[PDB]
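Order of the sequence lines sets the chain letters (A, B, ...), proteins ahead of strands, with each chain counted from 1.
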Amino acid sequence: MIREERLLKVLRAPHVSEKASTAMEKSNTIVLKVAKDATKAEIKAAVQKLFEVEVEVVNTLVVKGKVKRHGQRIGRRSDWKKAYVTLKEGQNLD
Amino acid sequence: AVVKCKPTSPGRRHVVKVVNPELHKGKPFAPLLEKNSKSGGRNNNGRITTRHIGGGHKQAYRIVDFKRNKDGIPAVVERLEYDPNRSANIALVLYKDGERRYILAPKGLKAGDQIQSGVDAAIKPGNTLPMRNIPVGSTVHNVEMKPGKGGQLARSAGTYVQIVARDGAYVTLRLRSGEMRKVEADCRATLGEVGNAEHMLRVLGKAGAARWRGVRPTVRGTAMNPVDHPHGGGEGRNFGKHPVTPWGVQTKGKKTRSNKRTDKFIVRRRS
Amino acid sequence: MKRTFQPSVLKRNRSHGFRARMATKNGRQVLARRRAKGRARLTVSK
RNA sequence: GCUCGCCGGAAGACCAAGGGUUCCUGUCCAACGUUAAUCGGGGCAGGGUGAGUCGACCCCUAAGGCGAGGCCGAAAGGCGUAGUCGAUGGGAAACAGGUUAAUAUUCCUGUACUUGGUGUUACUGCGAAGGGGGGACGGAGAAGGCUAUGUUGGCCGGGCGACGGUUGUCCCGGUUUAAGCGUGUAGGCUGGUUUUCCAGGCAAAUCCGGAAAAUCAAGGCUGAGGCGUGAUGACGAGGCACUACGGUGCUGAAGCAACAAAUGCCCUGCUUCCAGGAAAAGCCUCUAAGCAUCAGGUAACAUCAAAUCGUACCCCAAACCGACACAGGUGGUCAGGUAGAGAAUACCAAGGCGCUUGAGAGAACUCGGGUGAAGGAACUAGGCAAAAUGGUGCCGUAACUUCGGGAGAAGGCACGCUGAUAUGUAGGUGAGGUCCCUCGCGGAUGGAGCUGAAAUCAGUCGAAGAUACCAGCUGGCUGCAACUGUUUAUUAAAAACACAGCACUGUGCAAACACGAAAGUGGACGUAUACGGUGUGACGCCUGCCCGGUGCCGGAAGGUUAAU
RNA sequence: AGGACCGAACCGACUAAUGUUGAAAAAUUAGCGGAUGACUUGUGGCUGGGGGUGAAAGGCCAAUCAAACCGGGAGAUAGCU
């Protein structure tokens, strides 16, 4: 049983995009931004407990940070994890 | 049986094969095979310690019984086999209790023959007895140097030794090199010569035949440069020095044996 | 023409990597020299 | 958007290696692009990489690395046992269709499969750090059965022609369907089953191996493909409509047969040869300690789990390696049509490009080519370079020879198209119909239909029929080297090096020798028919005289001679 | 069957031309040799400088080889410019 406070730290932010909205309205899958070290079980448990929704399966991928250029200095954005949480049929989420 | 190949191409023009119709035309015995990895003539420091070795066809080691300690239990010869690890052929023999082993093949050994080791074995080709019970003058092979260590002398294709004398605890053998050597009377030996006597009659024909046996080419010293070999150098063909190894020791006649520990067993040097 | 640098990350790490340097005394001395000099990237490793 | 040209065994498509957001969208032209630039692999911002089945991680080892103790070494350290890493090799499982601007065997739909826990029922000798089997292995060659794939016919939808003809032996397009499950076929291997005994597999074993005895010729293992199912589904040429002209939505016919055929599969097979062709684990089985009605094992069902990391994009290149958006270099996979023996070569399909300065003019001269009167090497160090020969079948072919060659020697004849033999032949493939059968993916007869060289006779066009690209110039004497190879990456490919063969010499195994202050290791798990060094270099005829000099081998009586 | 024959991929570089501040710090075009073997290639490993490796040219050892490269003795020495 994964701890509650750990669940309270797994989810970072909802990912907002055209593909995300399309997935939400067509495949009942929400795209969330999660912690880089989170496992599928932790993400599933965190969504099921904190949002009170039934999760079918979780798909994750690691997004590489882009190498940007602030003026003349070359810098790199932070890597982040992205999770496709597929809610069960009939469920609704904000 | 030696056969001469027809000259249908250079490299085959001079080939003389040595066919043996009795050899097994199949795969060797699996419980007795084991790995034999090549080295390239390189030691554990990775340096070439002996040149002209490398490449060649892959080979597996056949566990040949050299000690020959199964005493009193007769064995029948299942089949003769080719062995890439040595010049002589080997024979797969089956003991009465169901254990199979590999032995060197004698001169007259055919499928179905019976062999036996021990002190009370009969005196016939292929049997192994300690040489104090073996009659003087007989030619034997796969002979031990220390009691129970296994054969070390007379192991190639068509070699043998003659037991020429026996005096107390030691016997005197006339080795294949023409040298008389003493050895303890408790060492075992197998009666009769070893089989593939015509192996020396074959001619390889081409350079690739020697390449297949992991023998890289040999460069003559006079063809090199002075930094590489003592013989190197010269505008043309020049060899104005006494022949020596690449490390400066003379080759044409100079003796190099320096083992005072075993001098007591050499009754008379080779000729 | 085949140039002298044919890259391979596996060979790169196995030849000049941090663990390869720390395996022997001389590599650690190289690391010590670079740490004294203040190099940003100690070894070839990414 | 319409024409033109180029690649098409690549200049197309997908990966590994390497790169690391160069991918897609909006926006900008200061700097980068050898020119302009609204465009970009350029700047800025946003988006994009979804896995129980693909790959890595994991279990297992090769070469090799590190190496508890250990041996050796002034110190640092070297080698190495038990172990433990190290893929480039062994080990469990997923396919088809649709969708995004950018991902898809990952998302969705339909249909599966594998390995582990737990939990109920039924059955009962379980258990390895040990034993056996298996994994498990070479080169070449020859058929036979297939498939990917292609051609043709039939079927379905559309068309009746910008210019003579085109309702027909006409034209265009489509005719596609997987994993899995069942069947076990063409074909490959092996005689099966039961009982008794045993110095072997470090002990045991019912397992493997070895001896007998009885019984039955028919049992077992492996196996492409086909067929049925998966599939009343998907896809499908096109129609019906909107539209931001980008695309989106709805509906949907035929969806068969014959022939040719792989380098792919059966095939890790078969035949044959010597140069004699990894290891370990997963998997099956056997028992030793131990566990005694417990634990465990295998069968069904249910349930749970399969985590983590990579997934965009280039990948024969403008993104990798070459300082460049570089005429160079880069491993694996797919392999369509016609002609052709062919992955050569020419033109095309699917697909992708026109190589990031153009426009004129048509001088000398330079580069890459085309043609040439008369002569044909007179050029030149030299036929250097150009020019010429070039395919298949057949006739014919010399000296010399190690009898294999030389040899495609040289030299010559025929070659297109049409008809007849034969409205398409010999050959190949093979349906209905009949018969037998241990009955099925069976066998004999039988020839429909399809495909299809080669030859003879007659005729016909051009100067020319191997009409193009492709594709030996030939012969004579001779030096050197036997030959195929190798070599100075970047001015030398040779007569130089190497080579099989010959000879001498060292070496009796804890071998000589070599790398090592040493341990040790190679030689070699080889043993004088072997291994190392030196010279010579296939084969034929041979290798003659000299030990004075310098080496080497044998001898130790005498002279001389060190440390002590 | 063959270090057999003709000839693509692949490996190599014999002859000529161009290019020599090149498209290229050795390549392009037309020819050429091997093309089942002493072949060629991918991945990983081993041999270290008086050392390695060499079918042997003093060749090659990161565009550098009759003794690599980097740091140090080191501002070597220089009757020479």
Side-chain angles (χ1 to χ4, degrees), chain A residues 17-19 22-23 27 29 39-41 59-64 66-67 82 84, chain B residues 6-14 28 31 35-37 39 41-50 53 56-61 72-73 82 84-87 94-100 145 152-159 175-177 179 181 196-197 199-200 203-213 216-225 227-228 231 239 242-247 250-257 259 261-262 266, chain C residues 1-11 23 25:
Chain A
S17 176
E18 163 194 353
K19 170 160 189 176
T22 311
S27 296
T29 298
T39 61
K40 297 179 180 179
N59 284 353
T60 73
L61 63 101
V62 177
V63 177
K64 310 308 181 304
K66 308 209 197 185
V67 163
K82 171 151 75 174
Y84 288 83
Chain B
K6 281 200 181 173
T8 50
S9 88
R12 280 292 277 209
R13 175 180 291 288
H14 301 299
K35 198 199 77 163
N36 171 36
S37 159
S39 60
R42 292 160 170 77
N43 72 341
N44 55 5
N45 293 1
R47 310 280 202 84
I48 289 179
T49 59
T50 186
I53 303 189
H57 202 288
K58 171 194 270 203
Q59 302 168 335
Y61 184 71
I73 307 178
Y82 174 90
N85 312 130
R86 62 201 73 257
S87 81
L94 169 60
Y95 286 81
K96 275 290 181 302
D97 52 357
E99 167 181 354
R100 286 184 182 75
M145 271 184 162
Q152 292 181 94
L153 302 159
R155 266 162 52 157
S156 311
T159 68
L175 295 187
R176 199 54 177 72
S177 86
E179 169 174 340
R181 177 182 190 279
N196 203 20
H199 154 74
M200 73 171 163
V203 51
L204 269 56
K206 68 186 187 179
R211 297 304 292 274
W212 300 335
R213 303 161 143 88
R216 301 202 72 253
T218 293
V219 179
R220 309 177 339 272
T222 187
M224 308 180 174
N225 277 300
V227 75
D228 300 313
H231 301 175
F239 198 77
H242 300 112
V244 298
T245 60
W247 302 273
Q250 185 151 353
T251 73
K252 294 293 181 61
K254 175 184 202 292
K255 289 175 157 54
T256 69
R257 169 189 172 82
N259 197 325
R261 179 184 98 258
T262 68
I266 316 303
Chain C
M1 296 176 72
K2 182 172 182 179
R3 298 310 173 182
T4 61
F5 182 58
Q6 306 298 317
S8 176
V9 186
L10 179 52
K11 278 208 203 164
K25 189 261 297 175

Give the nucleotide from the list [options] with an atom nearest to the side chain of [X].
{"X": "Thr218(B)", "options": "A57(E), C499(D), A278(D)", "answer": "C499(D)"}
{"X": "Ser9(B)", "options": "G3(E), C499(D), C320(D)", "answer": "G3(E)"}
{"X": "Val219(B)", "options": "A498(D), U527(D), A63(E)", "answer": "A498(D)"}
{"X": "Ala223(B)", "options": "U529(D), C497(D), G276(D)", "answer": "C497(D)"}
{"X": "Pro28(B)", "options": "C320(D), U21(D), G277(D)", "answer": "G277(D)"}
{"X": "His57(B)", "options": "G277(D), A62(D), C309(D)", "answer": "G277(D)"}

Please determine if a side-chain N or O atom of [X] lies less than 4.0 Å away from the OP1 or OP2 oxygen of [N].
{"X": "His231(B)", "N": "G535(D)", "value": "yes"}
{"X": "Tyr61(B)", "N": "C525(D)", "value": "no"}
{"X": "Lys82(A)", "N": "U49(D)", "value": "yes"}
{"X": "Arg176(B)", "N": "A528(D)", "value": "no"}
{"X": "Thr251(B)", "N": "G506(D)", "value": "no"}
{"X": "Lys19(A)", "N": "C107(D)", "value": "no"}
{"X": "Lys40(A)", "N": "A51(D)", "value": "yes"}
{"X": "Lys206(B)", "N": "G3(E)", "value": "yes"}
{"X": "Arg213(B)", "N": "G276(D)", "value": "no"}
{"X": "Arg86(B)", "N": "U527(D)", "value": "yes"}
{"X": "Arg3(C)", "N": "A62(E)", "value": "no"}
{"X": "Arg13(B)", "N": "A482(D)", "value": "no"}
{"X": "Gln6(C)", "N": "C320(D)", "value": "no"}
{"X": "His199(B)", "N": "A530(D)", "value": "yes"}

Given side chains that start at C-beta, do those of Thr262(B) and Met145(B) come closer than 4.5 Å, heavy atoms only? no

Contact check, side chains of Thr245(B) and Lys254(B), non-hydrogen atoms, under 4.5 Å: no

Counting only distance, no hydrogens or angles, is the base of [N] paired donor-acceptor with the side chain of [X] under 3.5 Å?
{"X": "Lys254(B)", "N": "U505(D)", "value": "no"}
{"X": "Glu18(A)", "N": "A101(D)", "value": "yes"}
{"X": "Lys11(C)", "N": "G18(D)", "value": "no"}

Using a heavy-atom cut-off of under 4.0 Å over every strand shown, decide if [X] touches base, sugar-phosphate, or nothing.
{"X": "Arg211(B)", "value": "base"}
{"X": "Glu179(B)", "value": "base"}
{"X": "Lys66(A)", "value": "base"}
{"X": "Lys25(C)", "value": "sugar-phosphate"}
{"X": "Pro7(B)", "value": "base"}
{"X": "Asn85(B)", "value": "sugar-phosphate"}
{"X": "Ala154(B)", "value": "sugar-phosphate"}
{"X": "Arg12(B)", "value": "sugar-phosphate"}
{"X": "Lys255(B)", "value": "sugar-phosphate"}
{"X": "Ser177(B)", "value": "base"}
{"X": "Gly253(B)", "value": "sugar-phosphate"}
{"X": "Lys252(B)", "value": "base"}
{"X": "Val203(B)", "value": "sugar-phosphate"}
{"X": "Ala60(B)", "value": "sugar-phosphate"}

Syn or anti for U49(D), given that syn means the glycosidic angle lies within 90° of 0? syn

Going by the glycosidic torsion and a 90 degree boundary from 0, is the base of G404(D) oriented syn or anti?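 Syn.
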
[M] and [N], neighbours in the strand: six-membered ring centres under 5.5 Å and planes under 30°?
{"N": "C284(D)", "M": "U285(D)", "result": "yes"}
{"N": "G26(D)", "M": "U27(D)", "result": "yes"}
{"N": "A51(D)", "M": "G52(D)", "result": "no"}
{"N": "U47(E)", "M": "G48(E)", "result": "no"}
{"N": "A302(D)", "M": "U303(D)", "result": "yes"}

Furanose pucker, [N], classified by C1'-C2'-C3'-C4':
{"N": "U490(D)", "value": "south"}
{"N": "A11(D)", "value": "south"}
{"N": "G310(D)", "value": "north"}
{"N": "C95(D)", "value": "north"}
{"N": "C259(D)", "value": "north"}

Donor-acceptor contact present, side-chain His199(B) to main-chain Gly158(B), <3.5 Å: no

Is it true that a side-chain atom of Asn45(B) and a backbone atom of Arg47(B) form a donor plus acceptor pair closer than 3.5 Å?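 Checking the backbone N and O of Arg47(B) against the side chain of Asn45(B), no donor-acceptor pair under 3.5 Å is found.
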
Output the distance between atom CD1 (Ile73(B)) and atom CD (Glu99(B)), rounded to the nearest 0.5 Å.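 Spacing of CD1 (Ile73(B)) from CD (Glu99(B)) equals 8.0 Å.
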
Counting only Watson-Crick and G-U wobble pairs, both distances under 3.5 Å, are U345(D) and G485(D) paired? no

Test if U53(E) is paired with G59(E), treating Watson-Crick and G-U wobble as valid and requiring both distances under 3.5 Å.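 Answer is yes for this nucleotide pair.
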
With the sugar-phosphate defined as primed atoms, P, OP1 and OP2, and the base as all remaining atoms, what B/S/- string results for nucleotides 512-524 of chain D, 5' to 3', for protein heavy atoms under 4.0 Å? SSBBS---BBBS-

Under 5.5 Å between ring centres and under 30° between planes: true for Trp212(B) and the base of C274(D)? no

Aro-ring/base stack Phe5(C)-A62(E), d under 5.5 Å, angle under 30°: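 Taking the rule of under 5.5 Å and under 30°, the ring of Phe5(C) does not stack on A62(E).
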
Please give the nucleotide sitting opposite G48(E) as a Watson-Crick or G-U wobble pair, both distances under 3.5 Å, or none. none

Nearest-angstrom distance, [atom1] atom, [N] to [M]:
{"N": "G65(D)", "M": "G523(D)", "atom1": "P", "value": "16 Å"}
{"N": "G157(D)", "M": "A253(D)", "atom1": "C1'", "value": "7 Å"}
{"N": "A26(E)", "M": "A489(D)", "atom1": "P", "value": "13 Å"}

On RNA chain D, compare the nucleotides closest to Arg155(B) and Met1(C); which residue's is nearer the 5' end?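 The residue whose closest nucleotide sits nearer the 5' end is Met1(C).
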
Spacing between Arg216(B) atom CZ and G532(D) atom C1', to the nearest angstrom: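 Taking CZ of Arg216(B) and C1' of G532(D), I get 16 Å after rounding.
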
